[PDB]
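[1] Based on what follows, work out the 3D shape:
(chains A, B, C, D, E and F, ligands or ions: 12)
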Amino acid sequence: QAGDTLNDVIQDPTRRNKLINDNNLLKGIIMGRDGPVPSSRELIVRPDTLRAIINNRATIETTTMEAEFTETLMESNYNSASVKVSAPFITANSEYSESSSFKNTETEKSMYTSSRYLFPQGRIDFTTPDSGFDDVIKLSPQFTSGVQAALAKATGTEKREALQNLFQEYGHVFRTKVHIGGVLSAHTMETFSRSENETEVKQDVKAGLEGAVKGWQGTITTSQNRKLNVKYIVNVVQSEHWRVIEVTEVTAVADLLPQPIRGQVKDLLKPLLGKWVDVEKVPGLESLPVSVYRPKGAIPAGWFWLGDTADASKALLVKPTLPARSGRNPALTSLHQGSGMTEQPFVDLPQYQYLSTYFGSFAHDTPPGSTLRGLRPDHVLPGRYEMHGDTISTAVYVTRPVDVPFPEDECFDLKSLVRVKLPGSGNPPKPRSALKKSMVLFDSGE
Amino acid sequence: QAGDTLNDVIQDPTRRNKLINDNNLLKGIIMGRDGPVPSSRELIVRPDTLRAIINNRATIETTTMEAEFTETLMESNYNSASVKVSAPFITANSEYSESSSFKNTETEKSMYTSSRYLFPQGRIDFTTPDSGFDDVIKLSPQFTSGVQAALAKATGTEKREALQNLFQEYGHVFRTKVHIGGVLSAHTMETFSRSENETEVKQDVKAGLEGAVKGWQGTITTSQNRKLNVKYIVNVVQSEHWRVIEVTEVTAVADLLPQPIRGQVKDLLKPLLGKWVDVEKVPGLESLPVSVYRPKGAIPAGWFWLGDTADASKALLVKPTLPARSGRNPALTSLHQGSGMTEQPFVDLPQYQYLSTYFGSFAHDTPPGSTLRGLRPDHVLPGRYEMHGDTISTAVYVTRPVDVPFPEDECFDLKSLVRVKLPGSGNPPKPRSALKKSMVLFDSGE
Amino acid sequence: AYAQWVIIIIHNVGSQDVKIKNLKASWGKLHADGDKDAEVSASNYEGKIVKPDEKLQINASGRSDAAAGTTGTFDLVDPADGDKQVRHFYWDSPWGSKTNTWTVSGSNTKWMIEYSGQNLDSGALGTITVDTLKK
Amino acid sequence: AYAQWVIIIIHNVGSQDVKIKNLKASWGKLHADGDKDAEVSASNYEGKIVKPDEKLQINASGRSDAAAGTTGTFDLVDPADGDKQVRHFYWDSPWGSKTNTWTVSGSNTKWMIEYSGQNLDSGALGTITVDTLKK
Amino acid sequence: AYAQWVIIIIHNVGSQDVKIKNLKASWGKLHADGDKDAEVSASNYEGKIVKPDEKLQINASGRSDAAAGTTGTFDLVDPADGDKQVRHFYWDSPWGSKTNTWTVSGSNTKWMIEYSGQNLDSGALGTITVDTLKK
Amino acid sequence: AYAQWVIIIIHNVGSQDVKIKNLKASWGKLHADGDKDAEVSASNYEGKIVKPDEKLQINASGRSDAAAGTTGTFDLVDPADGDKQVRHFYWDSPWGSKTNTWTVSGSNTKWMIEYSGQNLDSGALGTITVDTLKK
Ligand SMILES: CCCCCCCC/C=C\CCCCCCCC(=O)N[C@@H](COP(=O)(O)OCC[N+](C)(C)C)[C@H](O)/C=C/CCCCCCCCCCCCC
Ligand SMILES: CCCCCCCC/C=C\CCCCCCCC(=O)N[C@@H](COP(=O)(O)OCC[N+](C)(C)C)[C@H](O)/C=C/CCCCCCCCCCCCC
Ligand SMILES: CCCCCCCC/C=C\CCCCCCCC(=O)N[C@@H](COP(=O)(O)OCC[N+](C)(C)C)[C@H](O)/C=C/CCCCCCCCCCCCC
Ligand SMILES: CCCCCCCC/C=C\CCCCCCCC(=O)N[C@@H](COP(=O)(O)OCC[N+](C)(C)C)[C@H](O)/C=C/CCCCCCCCCCCCC
Ligand SMILES: CCCCCCCC/C=C\CCCCCCCC(=O)N[C@@H](COP(=O)(O)OCC[N+](C)(C)C)[C@H](O)/C=C/CCCCCCCCCCCCC
Ligand SMILES: CCCCCCCC/C=C\CCCCCCCC(=O)N[C@@H](COP(=O)(O)OCC[N+](C)(C)C)[C@H](O)/C=C/CCCCCCCCCCCCC
Ligand SMILES: CCCCCCCC/C=C\CCCCCCCC(=O)N[C@@H](COP(=O)(O)OCC[N+](C)(C)C)[C@H](O)/C=C/CCCCCCCCCCCCC
Ligand SMILES: CCCCCCCC/C=C\CCCCCCCC(=O)N[C@@H](COP(=O)(O)OCC[N+](C)(C)C)[C@H](O)/C=C/CCCCCCCCCCCCC
Ligand SMILES: CCCCCCCC/C=C\CCCCCCCC(=O)N[C@@H](COP(=O)(O)OCC[N+](C)(C)C)[C@H](O)/C=C/CCCCCCCCCCCCC
Ligand SMILES: CCCCCCCC/C=C\CCCCCCCC(=O)N[C@@H](COP(=O)(O)OCC[N+](C)(C)C)[C@H](O)/C=C/CCCCCCCCCCCCC
Ligand SMILES: CCCCCCCC/C=C\CCCCCCCC(=O)N[C@@H](COP(=O)(O)OCC[N+](C)(C)C)[C@H](O)/C=C/CCCCCCCCCCCCC
Ligand SMILES: CCCCCCCC/C=C\CCCCCCCC(=O)N[C@@H](COP(=O)(O)OCC[N+](C)(C)C)[C@H](O)/C=C/CCCCCCCCCCCCC
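    Numbers count the residues shown, from 1 in each chain, chains lettered A, B, ... in the order given. Ligands and ions are numbered 1, 2, ... in the order given. Pasting the structure now:
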């Protein structure tokens, strides 16, 4: 009994199955409104054995995350790679509020810090289809039948609704590497100005949080007199009580499907349909150093544009793929005229964003303003400005994508125009974002 | 039961196999983003016995390391030789950031210190093929089949991707000398000016850390009033609880393969393909005391150059061997124009480095600056300057390799040019590096 | 005297034109920007159209060494609906009193007017910037 | 004398903060908006941050019947970049001279600074609006 | 007087040429480096090209025993852009006034200009180094 | 007097630190950048390290209306090599003489020191830039 490790548990079918069942190792994680929670339905077939390693080195590990909607992911002890893989789903399904404490302005920064006092027993691994090894996991026939039924529906909207239901039941990600044992976790969030030395702030917060967990007090004070609110989680207490204490790898559930079906499912999950159209120069505005362009002609019914651009060739039109439903975050948001001494739109839904300042008088009841839309926060990434103009009153930024080596993070080069100094007062925050290419489906025939 | 040593454990097959399994002695260590962790797949065949010696002398041992990305290796109680063997893999697979506390400037020096309070039981040895003895370890047939399958693919890129997957799964090094028992470790990092006496600083930190482990406090104060952040690792609890407490020798997994396959695998693991091209003198720059040379003619598609040099004969072009993928550090990085009052490149990816200052105006959108690339930190080693010119404003450094007796550390003699005093302000840090010869594959025919 | 001066910067922050009408200085003189000697006439502004995002500057001051301030009035009107009155502005920077007057009167809900920079305590009336919007 | 006054409106139209330093009124006093009697202290603005799209008003004036006028200086520095100076401003509305002074000096290519509204010919120095924008 | 002097060093820290035009000293004289008694003409600098990494020195001072400082102007121009005006520089180190003036004006977003070393409080204007970069 | 002034900019263009020592203004005073009235203590610079690619500005001036110039010395020493002397600098902008003095002395074969901008003929000593580079 004493001295048993994960090897003794795994060799025993009864203990191995108890470990599998008590930890939901056969189930996906639903990245939904309540945070990462396991699905109640088995995603994979029960294996005959588990690949495991032994590790008993207890210690305190601290991690930091800068993404906005990843608080609950940090509270579940996901590592950086797992958080990165899971962030899109959480962001899409999260509940947005204009009174969130998280700040990500160009002058102010926010970050989550987590300290785990770990008593490990080892690590368990699952083989994904992408790796060519022969012990790959097998998807449960129920899930495969669900995917086939979803893809067999007549209309694209029906298929997308079926897939959305399917992934709300079975989950969005599957944990491929998990750590077993016990853990005492402390979590906090800190906001600080970007002018401060980031390394010192991180070290101070780490020292405070590690001291809090080590001596384990809902409020802590660091060396720099930083007032931190700490959330504590207990996952300690014998092999009967071992639990998952950390996730070091997750794979999107769609990535487990065979390639011909995987591509179709991934395409059908794109929130928007895209279309390129011709542009037209905006009359007037000769004082500006650049020409302003809007989509030419009437916008086709059901399609929307994203803002004024400096691109004289083409403009992007987007159409939502899923209908509006209560409890679901729409891909696009309407805009409303401001309150006073401004003619700029404001997003109706909190935390949404549009890409361009409006060059004119925005009216949400008449075209072309009736079809201008903002974007869900998971659709966009920060861009980079390039200024044109000799004076403050006439300067305009053109926003360009931030170049990245990996195509997964590529954004459209729409050349959205942002006026440097808007006349009046009470104007909205200035857009500084670009649209992700992975969110838009082209040439779908719809 | 009392008085049992490693000999009693090794004599009993049940206890011997429990020791082997609970310590992952048949598995390689994956030097990845999370640090050195054992693979879940057995690399070698289970032996019928173990070569061991007995040692029960408890004591405190302190070690120091000056390499940059070796923190987690030190936390695993690797000695100097093991850290040296494992450093390339950890560096290649590490997560880079510009906010790292480690500093290696020419005026500041950082080092890791680790103190282990050891309760040993003995040491276990494995015979490598290069030793020549008759009880060599035998590679598991699964690993050999995986290597054969990787090498049987059609295109070089496919082979390299297969090898990358294989080594990410099975691991990069195998521990051939491990110490068994219990340990309490304390680890810290210290940065200090190079003007100080290194011996005194090392002795002060060692005394502080040894006092910390002895009599066992997340922060320690030394005699010289140094504030050290200390990380504590507990690996001590009967033979059923004995664990690996130190690694004295590791051999690269590729070094375990038979020679004809070993050479091919090592060649296919080189991050870059190399080529020699002709050079042309840069027009102008008659003020400088040396002639500046650049690759002559158009650079072939997919190939890149590394910077201006004083070599009038030839220039080196490099091509990455692995396609870019998310979660993988590229061998090369793109450069972007500086923010202000400088026309010098800046590395896009943090902690990367280029070898020369740009003698002109650098634009990343047009040639020849569009094909100028930086290097991953594991690709380069510090060089030495040779100054030319009688005045500060016209002086230029020529970078030369630091002569070494071992071919494993040789660097290319590219004669990279560095401007001693760059005009303007906001310039990037002066390059000082040279490219390792082991990273570049020549005459591959690809 | 030149010590009694006012600068009125009408800045159109909207998208519809606004017109100046009935600009009359009963005391003092209108002059060029930064040059109190270069007198100008009310005709240089009467009926002028301030396009959206444009600024129109009116400079007034008392006569040199005259022991008299500068007093005047004008109207902002909407040319889009037959020069309907948007606002009536009256300014008084007196030589013989310590209180300056800057009064904006009239009303039509189609327009928003916000002015700033006026000084009423003592001395000159100062530089007044008037932002106009049609909403 | 209150007749010698100046209002400086620092309007940060950029996206990063700008800090005030060394605000020193050699002559006259700093007071509250629209009330020259309600004197304030230079500490009210020293080391203050003007956040993007925020306006900060500094009112300076001569002391009552003092025959002194007002004069002062202050620096705008970048809170990022280690308080590197952005500009240095000197203002002077003298009682004994008909010429007012408003000089902005210093070089910082990372910032665009524009100002308008000052009066130099005679009388008070007026209302000066300063727009700052970090590129 | 020789006590009123200025040294202007134009240093091209860029990669394209810059030109000096309209170099006019309205007061005082231009002289050789470190020798105020050796006068030179503006022709020695008019139209001259400052190549990248090159420094050009203009030395100006008042006439010996003259009770008259030095004052002048010049323009930095882009020879590769049809001699388009880049910046306008004006300097004044006066004899009878304790304030020196160093003004850089104009607008050309294709060029960045830094300068340092000027002294405006008292005495000579000093040695001013100007770094020019066409970005 | 304030008319006698000097600005010394130490610019470490090398890759090694350089330390200031023995700074002393035998005459006059040290003040802040661009403000001769804000006197500063020599301790603010004593023992300070000029990191590579960093600039350190020392401003010295005669006391206001003092009829005495400014004078001083200091040393640049190598923080490595046990504070071995790199150079000894002595500056003198006198009030009673038309000749200024700026002398750099000392031998240290492993350091390149260059300086420029000094004015010796008459008036203030000017702005002196010093570039230091450890070979
Ligand atoms: C015994 C017989 C003597 C009879 C003489 C009677 C004297 C008249 C009396 C009173 C006049 C009243 C002021 C005339 C209007 C001033 C216009 C103006 O306002 N004056 C400003 C400047 O005006 P401004 O700025 O416009 O100048 C133009 C601008 N420019 C740039 C072109 C110069 C100027 O500073 C400021 C003036 C402040 C008022 C001074 C009052 C002192 C008078 C004491 C007289 C004592 C005599 C005693 C005899 C025994
Ligand atoms: C033995 C011989 C004695 C000779 C005595 C003759 C002296 C009288 C001379 C001439 C009349 C002068 C008034 C004309 C006004 C101008 C128009 C106006 O009216 N000047 C107002 C401006 O008023 P304000 O600018 O503030 O407002 C304008 C707009 N608003 C709508 C608001 C009114 C302002 O206040 C009024 C100022 C009063 C003037 C003071 C200076 C008088 C000096 C007397 C010197 C006497 C010395 C001799 C003693 C022996
Ligand atoms: C029989 C013959 C006898 C002759 C008697 C002479 C006695 C008077 C001597 C000396 C005046 C007293 C010192 C005043 C210092 C000035 C400092 C200042 O003028 N102070 C300002 C504050 O101005 P502020 O605060 O803005 O800053 C200022 C700038 N500073 C940097 C300095 C702070 C403040 O308002 C202004 C106040 C000045 C009021 C002075 C009143 C003059 C008295 C006339 C007497 C007429 C003769 C009578 C004989 C029959
Ligand atoms: C035969 C005998 C004849 C006697 C004649 C004497 C008449 C002159 C007296 C007094 C006039 C002045 C009124 C001042 C009232 C306002 C208070 C005020 O101005 N005081 C400070 C401002 O302070 P502050 O600006 O901060 O706030 C101000 C507002 N607050 C409410 C908040 C306080 C400010 O420096 C003070 C300025 C006044 C300085 C001038 C003093 C003149 C004295 C000359 C003496 C000549 C003798 C001649 C004999 C032959
Ligand atoms: C034979 C013996 C005769 C002796 C005569 C000697 C008298 C000394 C003369 C000189 C004093 C003057 C000092 C200057 C200070 C003024 C401060 C100020 O500039 N004063 C402004 C107001 O400034 P403020 O804005 O602060 O107003 C208040 C604002 N508040 C909100 C508080 C109400 C106000 O306009 C300006 C007024 C101008 C002063 C007029 C002086 C008339 C002199 C007549 C002499 C006639 C003698 C002839 C007898 C035969
Ligand atoms: C009966 C016998 C009495 C004999 C007279 C003794 C009384 C005391 C006299 C004088 C001392 C007190 C001076 C006051 C200083 C005020 C502070 C200041 O200093 N006022 C400046 C402010 O300057 P500024 O307004 O420009 O502010 C900006 C400053 N800056 C530096 C930036 C330029 C600005 O000059 C203003 C100067 C005008 C003051 C002139 C007062 C005349 C004096 C009477 C003459 C008539 C005698 C008659 C005898 C029969
Ligand atoms: C009987 C009645 C009295 C008769 C005397 C009055 C005649 C006028 C006198 C003298 C005018 C002086 C011109 C102005 C300076 C020239 C410009 C200059 O600025 N002068 C600098 C020069 O220095 P500089 O740099 O130009 O040298 C050039 C290069 N060099 C190689 C030569 C050094 C030099 O320092 C500065 C000198 C200033 C000293 C001021 C002297 C005041 C005179 C008090 C008179 C008292 C009479 C008393 C009766 C009761
Ligand atoms: C029997 C005795 C007779 C004595 C009468 C003789 C008086 C001499 C006549 C009038 C001087 C003619 C000036 C000619 C030079 C003007 C050039 C210039 O201009 N001099 C400006 C320089 O100005 P600045 O240097 O600032 O120029 C920079 C350019 N900027 C455009 C920016 C201004 C500067 O202020 C002004 C300097 C003036 C110097 C004063 C010298 C006083 C002499 C006292 C002798 C008195 C003895 C008394 C015995 C009883
Ligand atoms: C019986 C007769 C008794 C009287 C005889 C006394 C004569 C004095 C002779 C010799 C003085 C010795 C030089 C004075 C110290 C210099 C201090 C200084 O150096 N003076 C500068 C100041 O310049 P600073 O920069 O420091 O300004 C300060 C900074 N601030 C920003 C606040 C302005 C200022 O410029 C320039 C000054 C030039 C010299 C001025 C003196 C010339 C006038 C001579 C008058 C002769 C009358 C003869 C009567 C018979
Ligand atoms: C018949 C009438 C005869 C009257 C008697 C004459 C005796 C008085 C004359 C003069 C001697 C005294 C020299 C000054 C020594 C100070 C040295 C110094 O210090 N002067 C500056 C420099 O300051 P600094 O900081 O640069 O010093 C650097 C440090 N160091 C140690 C190296 C100096 C520092 O500001 C201090 C300046 C003050 C200068 C004195 C001004 C008053 C002039 C006399 C007034 C009384 C006359 C009375 C007439 C009726
Ligand atoms: C009827 C006879 C006429 C009498 C007139 C005589 C002249 C007196 C008035 C006018 C000059 C006085 C102001 C000038 C000082 C400025 C203030 C200061 O401050 N001087 C310090 C500077 O030191 P510092 O630069 O470090 O501080 C500055 C920064 N601060 C923050 C403090 C402002 C430092 O002592 C320097 C002092 C030396 C000044 C020499 C002036 C010559 C004086 C000759 C006196 C002869 C008596 C004759 C009697 C018959
Ligand atoms: C009947 C009344 C008679 C009165 C006579 C007695 C009182 C006055 C005499 C004694 C002057 C006292 C000076 C004190 C200096 C203190 C600072 C210093 O000492 N200043 C030196 C240093 O300053 P500097 O910067 O130039 O040197 C740089 C440093 N270095 C070490 C390198 C040299 C440098 O000589 C400066 C010297 C110039 C001094 C001016 C002297 C002219 C005034 C006399 C005019 C007489 C008119 C009256 C006739 C009626």
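[2] Name all residues that make contact with the residue of the stretch 251-400 of chain A found nearest chain D.
    Among the residues of the stretch 251-400 of chain A, residue A:392 lies nearest to chain D; the distance is 5.2 Å by C-beta to the nearest C-beta. C-beta: built from backbone N, CA, C; applies to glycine. Each residue near residue A:392 by C-beta atoms under 8 Å, 6 or more residues apart in numbering or on different chains is listed here: A:420, A:421, D:13, D:112, D:114, D:131, D:133.
[3] Look up how far ligand 3 lies from the residue sitting furthest away from the middle of chain C.
    Most distant residue from the mean C-alpha position of chain C: residue C:65, 22.8 Å away (C-alpha atoms, centre = their mean). Note on residue C:65: its distance to ligand 3, by C-beta to the nearest ligand atom, to the nearest Å, is 26 Å.
[4] Repeat that for residue A:234.
    Using C-beta to the nearest ligand atom, one obtains 66 Å as the distance from residue A:234 to ligand 3.
[5] list the helices and strands the helix or strand containing that residue packs on?
    When elements are defined using DSSP states H and E, residue A:234 is found to belong to strand A:231-235. In terms of contact count using 3 or more C-beta pairs under 8 Å, 6 or more residues apart in numbering or on different chains; DSSP states H and E, strand A:231-235 is assigned the packing partners strand A:173-193.
[6] list the contacts for the closest residue to residue C:42 other than its chain neighbours?
    Once its chain neighbours are removed from consideration, residue C:42 has its nearest residue in residue C:23; the separation is 4.8 Å (C-beta to C-beta, 6 or more residues apart in numbering or on different chains). With contact set as C-beta under 8 Å, 6+ apart, residue C:23 has these partners: C:42, C:45, C:46, C:58, C:72, C:73, C:74.
[7] just residue A:371 next, same as before
    Residues in contact with residue A:371, defined by C-beta under 8 Å, 6+ apart, are A:299, A:303, A:304, A:305.
[8] Look up how far residue A:306 lies from it.
    When distance is defined by C-beta to C-beta, to the nearest Å, residue A:371 is 10 Å away from residue A:306.
[9] how about the residue of chain A found nearest ligand 6, secondary structure?
    Ligand 6 sits closest to residue A:392 of chain A, with a gap of 30.2 Å, by C-beta to the nearest ligand atom. The three-state assignment at residue A:392 reads coil, by DSSP: H, G, I helix; E, B strand; the rest coil.
[10] For it, give me phi and psi.
    Comment: the main-chain dihedrals of residue A:392 come out as phi -60, psi -40, following degrees, to the nearest 10.
[11] what are the ranges of the helices in chain C?
    Under the criterion DSSP state H, chain C carries no helices.
[12] one step back: return the list of strands paired to the strand holding residue A:234, each annotated with direction.
    Each strand that strand A:231-235 pairs with, and the sense of that pairing, follows from DSSP bridges: strand A:173-193 (antiparallel).
[13] In PDB, list the C-alpha atoms belonging to the strand it pairs with.
    Listed in PDB are the C-alpha atoms of strand A:173-193, where the atom choice follows Å, rounded to 0.1, in the frame of the first residue of the first chain:
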ATOM      1  CA  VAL A 173     -10.600  20.400 -26.200                       C
ATOM      2  CA  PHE A 174      -9.200  17.100 -25.000                       C
ATOM      3  CA  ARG A 175      -6.400  16.900 -22.400                       C
ATOM      4  CA  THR A 176      -3.500  14.900 -23.800                       C
ATOM      5  CA  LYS A 177      -0.900  15.300 -21.000                       C
ATOM      6  CA  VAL A 178      -2.100  15.600 -17.400                       C
ATOM      7  CA  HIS A 179      -0.300  15.500 -14.100                       C
ATOM      8  CA  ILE A 180      -1.600  13.500 -11.100                       C
ATOM      9  CA  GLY A 181      -1.300  14.100  -7.400                       C
ATOM     10  CA  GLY A 182      -2.300  17.000  -5.100                       C
ATOM     11  CA  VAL A 183      -2.000  20.700  -5.300                       C
ATOM     12  CA  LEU A 184      -2.700  23.900  -3.300                       C
ATOM     13  CA  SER A 185      -3.200  26.800  -5.700                       C
ATOM     14  CA  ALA A 186      -3.300  30.500  -5.200                       C
ATOM     15  CA  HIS A 187      -4.400  32.900  -8.000                       C
ATOM     16  CA  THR A 188      -4.400  36.700  -8.400                       C
ATOM     17  CA  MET A 189      -4.600  39.500 -11.000                       C
ATOM     18  CA  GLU A 190      -2.500  42.600 -11.200                       C
ATOM     19  CA  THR A 191      -2.800  45.800 -13.200                       C
ATOM     20  CA  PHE A 192       0.100  48.100 -13.700                       C
ATOM     21  CA  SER A 193       1.300  50.900 -16.000                       C
END
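[14] Give the buried residues for that strand.
    Of the residues in strand A:173-193, those with enough neighbours to count as buried (16 or more other C-beta atoms under 10 Å in any protein chain shown) are A:173-190, A:192.
[15] now it, how far from the chain's geometric center?
    Centre-to-centre, strand A:173-193 and its host chain are 17 Å apart (C-alpha atoms, centre = their mean, to the nearest Å).
[16] Which of the contacts of residue A:392 sits closest to residue B:326?
    The shortest gap between residue B:326 and any of the contacts of residue A:392 belongs to residue A:420, at 34.7 Å (C-beta to C-beta).
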